[PDB]
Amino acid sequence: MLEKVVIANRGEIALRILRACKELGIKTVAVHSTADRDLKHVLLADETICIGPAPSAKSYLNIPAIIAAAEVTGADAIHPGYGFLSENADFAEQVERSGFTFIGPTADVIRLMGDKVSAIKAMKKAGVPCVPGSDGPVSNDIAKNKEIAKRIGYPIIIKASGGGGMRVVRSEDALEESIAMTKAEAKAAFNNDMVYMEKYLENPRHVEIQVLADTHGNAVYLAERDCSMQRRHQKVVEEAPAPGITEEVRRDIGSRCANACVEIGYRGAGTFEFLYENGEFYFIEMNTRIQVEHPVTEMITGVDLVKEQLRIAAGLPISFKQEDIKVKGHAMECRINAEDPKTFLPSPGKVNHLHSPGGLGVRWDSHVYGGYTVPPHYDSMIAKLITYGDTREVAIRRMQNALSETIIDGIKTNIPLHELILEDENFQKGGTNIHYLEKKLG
């Protein structure tokens, strides 16, 4: 089985993975850049290897160095975390071909869900609801495209299948030019000109379903998260369960997600992201990896998602059955970033003083410590503050109180932004859409 794992990541998620490994008795190899020698998890790991200089391209994205680290330590498996190489199919393929277990899905599945057109096709085949669309790539025949767009109903959005690259079209007046432009933009920067159209949903929430699937033919759904509180497509606050979603609706959408996993040969943790609008779900993407906001799911289900990843990768069955899962209570997560709370410019530097919050229903997932220097080279996340309550109101109040106790001295943080969000009367009512934070911020 898994005796030794390379943690092919950094920051909080590396520490999260280290904690799960140490609970299971799995030895750890921390691969790190020159700039991350003082990361908490590097300091706690069984073995360490420096895989390159500070820039991500030269280190955390350095496929040969990471594989070489697993080779020299005689590791059995590599955990890619989130970001970095976690949804790089070339990496997954090379890890497996080199004799290691990739803690994630197979490369073929990564590629399948990494292409929007093929992802949507598989979701439709599996009975997962999708955005009404062209259902396949669009022609050049404007007459045909004007006809599909009319069928769908304006506004529509043109999307590059290999994008990550979009264009909203609100009238037929614009369509021909728009489809051509998006085709050309996608072909030069992504060497792939394939685009499709789908309905542009103007008032949606981001609701995403957590799954696990093992090598024993099982697949489970673990309720959902609402991640609508975002700026510039970057999440700020997440919660679980999603307000307004009943157990009956959860069973319906969740079971479809679980069947999709089985149809596509999925293995490990993943998330189906939906836009949720006027009471209906519409698939937009599958993240084929663990996610930042996994803790809110753990809080309301009792599941340890990273431990299950490791089990599954070792060849074990998921450690419970669907009937064992019951949503209990409510959870909130605030992503605490080293950044200016109004300009959102990063704020690297020495944390002179850290005071972290605690007590009943308060969880703190962070690699930051007093005396730690937040480097410039990576993202600005320094901590995830997670609260639990028997109700959403309690979770929210607990989050407010925990934030008020939190002290991070030496750098700016976005704590003031979280405080503003949590006291917002619309957020307190629940169910705001994905545009709310930008609208509120002006």
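Numbering starts at 1 and follows the sequence shown. Take the two forms, superpose them, and find the largest set of C-alpha atoms that agree within 1.5 Å; that set is the rigid core.
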Top-deviation stretch by C-alpha RMS in 8 other deposited structures of this protein (rigid core reference), from 168 to 176, 250 to 258, is 168 to 176
Output yes if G163 is unmodelled in at least a third of the other compared entries of this protein, no if it is modelled in all of them. yes
Next on the checklist: Would you say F190 is commonly dropped, meaning unmodelled in a third or more of the other compared entries that have residues on each side of it?
Outcome noted: yes
Gap between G99 and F100, counted in deposited residues with no coordinates, falls in the class none
Comparing mean C-alpha B factor in the record for 376 to 384 and 34 to 42, the higher one is 34 to 42
Ranked by mean Cα B-factor in the entry, 52 to 60 and 394 to 402, top stretch is 52 to 60
Residue set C227, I179, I312, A75, per-entry CA B-factor max assigned to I179
Max C-alpha B-factor within the set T288, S134, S366, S356 falls on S134
Tertile call for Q210 (CA temperature factor, within chain, third-based) is the lowest
Of the three thirds of the chain ranked by Cα temperature factor, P129 occupies the middle
Of the three thirds of Cα B-factor ranks in this chain, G279 occupies the highest
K307: C-alpha B-factor third of its chain, per the entry, is the lowest
So, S347's CA B-factor, relative to its chain, sits in which third? The middle
